[PDB]
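Undergrad: Just target06.pdb, nothing more (PDB, C-alpha atoms (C1' of nucleotides)):
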ATOM      1  CA  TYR I  47      21.612 -27.016 -18.690  1.00  0.00           C
ATOM      2  CA  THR I  48      21.216 -29.061 -21.870  1.00  0.00           C
ATOM      3  CA  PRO I  49      20.580 -27.788 -25.417  1.00  0.00           C
ATOM      4  CA  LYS I  50      16.875 -27.001 -25.945  1.00  0.00           C
ATOM      5  CA  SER I  51      16.118 -28.664 -22.564  1.00  0.00           C
ATOM      6  CA  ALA I  52      14.647 -31.670 -24.371  1.00  0.00           C
ATOM      7  CA  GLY I  53      15.576 -34.735 -22.287  1.00  0.00           C
ATOM      8  CA  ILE I  54      13.216 -37.678 -21.858  1.00  0.00           C
ATOM      9  CA  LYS I  55      10.458 -37.785 -19.242  1.00  0.00           C
ATOM     10  CA  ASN I  56       9.815 -40.727 -16.926  1.00  0.00           C
ATOM     11  CA  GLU I  57       6.813 -43.057 -17.035  1.00  0.00           C
ATOM     12  CA  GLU I  58       4.999 -40.907 -14.467  1.00  0.00           C
ATOM     13  CA  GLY I  59       6.666 -37.888 -16.091  1.00  0.00           C
ATOM     14  CA  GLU I  60       9.681 -36.218 -14.466  1.00  0.00           C
ATOM     15  CA  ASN I  61      12.924 -34.620 -15.603  1.00  0.00           C
ATOM     16  CA  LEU I  62      16.247 -34.574 -13.736  1.00  0.00           C
ATOM     17  CA  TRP I  63      15.688 -31.099 -12.284  1.00  0.00           C
ATOM     18  CA  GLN I  64      12.501 -32.309 -10.593  1.00  0.00           C
ATOM     19  CA  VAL I  65      13.924 -35.726  -9.649  1.00  0.00           C
ATOM     20  CA  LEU I  66      17.119 -34.513  -7.961  1.00  0.00           C
ATOM     21  CA  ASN I  67      15.370 -31.569  -6.246  1.00  0.00           C
ATOM     22  CA  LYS I  68      12.265 -33.387  -4.968  1.00  0.00           C
ATOM     23  CA  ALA I  69      13.306 -34.840  -1.585  1.00  0.00           C
ATOM     24  CA  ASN I  70      17.062 -34.179  -1.496  1.00  0.00           C
ATOM     25  CA  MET I  71      18.324 -37.213  -3.389  1.00  0.00           C
ATOM     26  CA  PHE I  72      21.120 -34.984  -4.718  1.00  0.00           C
ATOM     27  CA  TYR I  73      22.881 -35.024  -1.344  1.00  0.00           C
ATOM     28  CA  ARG I  74      21.908 -38.702  -1.005  1.00  0.00           C
ATOM     29  CA  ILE I  75      23.912 -39.352  -4.202  1.00  0.00           C
ATOM     30  CA  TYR I  76      26.696 -36.760  -3.910  1.00  0.00           C
ATOM     31  CA  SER I  77      27.772 -38.180  -0.540  1.00  0.00           C
ATOM     32  CA  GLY I  78      27.625 -41.708  -1.957  1.00  0.00           C
ATOM     33  CA  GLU I  79      24.823 -43.370  -0.002  1.00  0.00           C
ATOM     34  CA  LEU I  80      23.529 -45.002  -3.215  1.00  0.00           C
ATOM     35  CA  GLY I  81      26.910 -46.489  -4.149  1.00  0.00           C
ATOM     36  CA  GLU I  82      30.007 -45.509  -6.097  1.00  0.00           C
ATOM     37  CA  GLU I  83      28.411 -46.211  -9.500  1.00  0.00           C
ATOM     38  CA  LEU I  84      26.091 -43.172  -9.563  1.00  0.00           C
ATOM     39  CA  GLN I  85      28.682 -41.023  -7.752  1.00  0.00           C
ATOM     40  CA  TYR I  86      31.495 -40.765 -10.317  1.00  0.00           C
ATOM     41  CA  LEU I  87      29.189 -40.198 -13.300  1.00  0.00           C
ATOM     42  CA  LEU I  88      27.313 -37.331 -11.625  1.00  0.00           C
ATOM     43  CA  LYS I  89      30.576 -35.717 -10.485  1.00  0.00           C
ATOM     44  CA  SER I  90      31.911 -35.957 -14.052  1.00  0.00           C
ATOM     45  CA  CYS I  91      29.307 -33.387 -15.151  1.00  0.00           C
ATOM     46  CA  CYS I  92      30.495 -30.755 -12.631  1.00  0.00           C
ATOM     47  CA  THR I  93      32.898 -28.945 -14.949  1.00  0.00           C
ATOM     48  CA  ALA I  94      33.475 -25.207 -15.232  1.00  0.00           C
ATOM     49  CA  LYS I  95      32.774 -23.210 -18.390  1.00  0.00           C
ATOM     50  CA  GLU I  96      34.078 -19.657 -18.751  1.00  0.00           C
ATOM     51  CA  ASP I  97      32.096 -17.034 -20.664  1.00  0.00           C
ATOM     52  CA  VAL I  98      32.340 -13.276 -20.098  1.00  0.00           C
ATOM     53  CA  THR I  99      30.625 -11.878 -23.207  1.00  0.00           C
ATOM     54  CA  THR I 100      27.813  -9.449 -22.317  1.00  0.00           C
ATOM     55  CA  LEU I 101      28.394  -9.491 -18.544  1.00  0.00           C
ATOM     56  CA  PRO I 102      28.829  -6.595 -16.099  1.00  0.00           C
ATOM     57  CA  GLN I 103      32.381  -5.762 -15.030  1.00  0.00           C
ATOM     58  CA  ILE I 104      32.953  -3.605 -11.945  1.00  0.00           C
ATOM     59  CA  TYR I 105      36.054  -2.328 -10.158  1.00  0.00           C
ATOM     60  CA  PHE I 106      36.360  -3.096  -6.440  1.00  0.00           C
ATOM     61  CA  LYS I 107      38.923  -1.796  -3.957  1.00  0.00           C
ATOM     62  CA  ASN I 108      41.185  -4.543  -2.566  1.00  0.00           C
ATOM     63  CA  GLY I 109      43.701  -2.962  -0.203  1.00  0.00           C
ATOM     64  CA  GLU I 110      46.229  -1.139  -2.389  1.00  0.00           C
ATOM     65  CA  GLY I 111      44.900  -1.719  -5.901  1.00  0.00           C
ATOM     66  CA  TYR I 112      41.746  -2.717  -7.732  1.00  0.00           C
ATOM     67  CA  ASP I 113      40.091  -5.947  -8.845  1.00  0.00           C
TER
ATOM     68  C1'   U U   1      30.952   1.184 -10.931  1.00  0.00           C
ATOM     69  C1'   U U   2      25.548  -5.729 -12.001  1.00  0.00           C
ATOM     70  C1'   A U   3      30.030  -0.119 -15.618  1.00  0.00           C
ATOM     71  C1'   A U   4      28.657   0.689 -21.344  1.00  0.00           C
ATOM     72  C1'   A U   5      23.095   0.621 -24.810  1.00  0.00           C
ATOM     73  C1'   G U   6      17.137   0.835 -26.044  1.00  0.00           C
ATOM     74  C1'   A U   7       9.657   4.796 -28.742  1.00  0.00           C
ATOM     75  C1'   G U   8       4.354   0.888 -26.041  1.00  0.00           C
ATOM     76  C1'   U U   9       1.151   2.362 -29.221  1.00  0.00           C
ATOM     77  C1'   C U  10      -4.242   2.417 -31.264  1.00  0.00           C
ATOM     78  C1'   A U  11     -10.375   1.981 -30.217  1.00  0.00           C
ATOM     79  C1'   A U  12     -15.262   2.487 -26.748  1.00  0.00           C
ATOM     80  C1'   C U  13     -23.364   4.782 -24.294  1.00  0.00           C
ATOM     81  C1'   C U  14     -23.888   2.068 -18.004  1.00  0.00           C
ATOM     82  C1'   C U  15     -28.540   2.164 -18.315  1.00  0.00           C
ATOM     83  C1'   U U  16     -34.233   1.228 -15.993  1.00  0.00           C
ATOM     84  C1'   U U  17     -37.887   1.163 -11.101  1.00  0.00           C
ATOM     85  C1'   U U  18     -39.207   3.357  -5.471  1.00  0.00           C
ATOM     86  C1'   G U  19     -44.043   6.235   0.847  1.00  0.00           C
ATOM     87  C1'   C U  20     -39.784   6.381   6.232  1.00  0.00           C
ATOM     88  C1'   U U  21     -43.048   6.736  10.530  1.00  0.00           C
ATOM     89  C1'   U U  22     -45.786   6.672  15.024  1.00  0.00           C
ATOM     90  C1'   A U  23     -45.454   8.923  20.856  1.00  0.00           C
ATOM     91  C1'   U U  24     -43.531  12.968  24.688  1.00  0.00           C
ATOM     92  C1'   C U  25     -43.820  18.239  31.312  1.00  0.00           C
ATOM     93  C1'   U U  26     -37.434  20.604  32.094  1.00  0.00           C
ATOM     94  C1'   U U  27     -38.064  21.768  36.479  1.00  0.00           C
ATOM     95  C1'   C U  28     -36.868  24.135  41.354  1.00  0.00           C
ATOM     96  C1'   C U  29     -32.738  29.216  44.227  1.00  0.00           C
ATOM     97  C1'   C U  30     -29.940  33.874  44.529  1.00  0.00           C
ATOM     98  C1'   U U  31     -27.494  41.352  47.984  1.00  0.00           C
ATOM     99  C1'   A U  32     -22.931  43.246  42.867  1.00  0.00           C
ATOM    100  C1'   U U  33     -21.018  46.953  46.216  1.00  0.00           C
ATOM    101  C1'   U U  34     -16.658  50.486  47.533  1.00  0.00           C
ATOM    102  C1'   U U  35     -14.530  55.979  46.416  1.00  0.00           C
ATOM    103  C1'   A U  36     -12.677  60.298  43.136  1.00  0.00           C
ATOM    104  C1'   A U  37     -12.247  68.242  41.714  1.00  0.00           C
ATOM    105  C1'   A U  38     -12.347  69.382  33.786  1.00  0.00           C
ATOM    106  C1'   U U  39      -6.775  69.920  31.540  1.00  0.00           C
TER
END
So, in terms of structure tokens, how does the structure I just supplied come out?
TA:
Amino acid sequence: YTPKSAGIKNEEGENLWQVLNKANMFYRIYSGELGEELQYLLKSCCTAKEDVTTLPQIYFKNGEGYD
RNA sequence: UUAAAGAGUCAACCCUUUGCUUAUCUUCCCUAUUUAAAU
């Protein structure tokens, strides 16, 4: 996700969602088969972001109590 | 218990034409008999 999903297309015309999900280069980079230069930068983007506004909330039984 | 919430509304010509048609052997055969008073 990026604001307005603008980005910049390649010379043939591709975005990251198409590039990383074409022929499984995501696992080829996450493992580190392309080096440790494209491995730290990609892992830097994997950060959590909490937001609960306008989401369903349901009670589930967990032994003695609820969650 | 993916809990809680929400107006789909409005309008319309389906019209026109038409040759179904010719022929034909259903044949042979046969034991229905046996009683009893009107309530």
Undergrad: Quick one: distance from CA of residue 47 (chain I) to CA of residue 63 (chain I) in Å, one decimal?
TA: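 Computing it gives 9.6 Å between the two atoms.
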Undergrad: Based on all atoms listed in the file, which of the residues in chain I come within 7 Å of chain U? I want them as a list in words.
TA: residues 102, 103, 104 and 105 of chain I
Undergrad: Which residues match the PyMOL selection byres ((chain I and resi 66-76) around 12) in the file above, as a short mmCIF file (atom, residue, chain, number, x, y, z; two decimals) with C-alpha atoms, in the frame of the given file?
TA:
data_model
loop_
_atom_site.label_atom_id
_atom_site.label_comp_id
_atom_site.auth_asym_id
_atom_site.auth_seq_id
_atom_site.Cartn_x
_atom_site.Cartn_y
_atom_site.Cartn_z
CA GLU I 60 9.68 -36.22 -14.47
CA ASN I 61 12.92 -34.62 -15.60
CA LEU I 62 16.25 -34.57 -13.74
CA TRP I 63 15.69 -31.10 -12.28
CA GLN I 64 12.50 -32.31 -10.59
CA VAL I 65 13.92 -35.73 -9.65
CA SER I 77 27.77 -38.18 -0.54
CA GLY I 78 27.62 -41.71 -1.96
CA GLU I 79 24.82 -43.37 0.00
CA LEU I 80 23.53 -45.00 -3.22
CA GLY I 81 26.91 -46.49 -4.15
CA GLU I 82 30.01 -45.51 -6.10
CA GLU I 83 28.41 -46.21 -9.50
CA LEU I 84 26.09 -43.17 -9.56
CA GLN I 85 28.68 -41.02 -7.75
CA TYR I 86 31.50 -40.76 -10.32
CA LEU I 87 29.19 -40.20 -13.30
CA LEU I 88 27.31 -37.33 -11.62
CA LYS I 89 30.58 -35.72 -10.48
CA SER I 90 31.91 -35.96 -14.05
CA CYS I 92 30.50 -30.76 -12.63
#
Undergrad: Between CA of residue 111 (chain I) and CA of residue 98 (chain I), what is the distance in Å, rounded to a tenth?
TA: 22.2 Å
Undergrad: As an exercise, work out the distance from CA of residue 52 (chain I) to CA of residue 97 (chain I) in Å and give it to one decimal place.
TA: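 If I compute the distance from CA of residue 52 (chain I) to CA of residue 97 (chain I), I get 23.1 Å.
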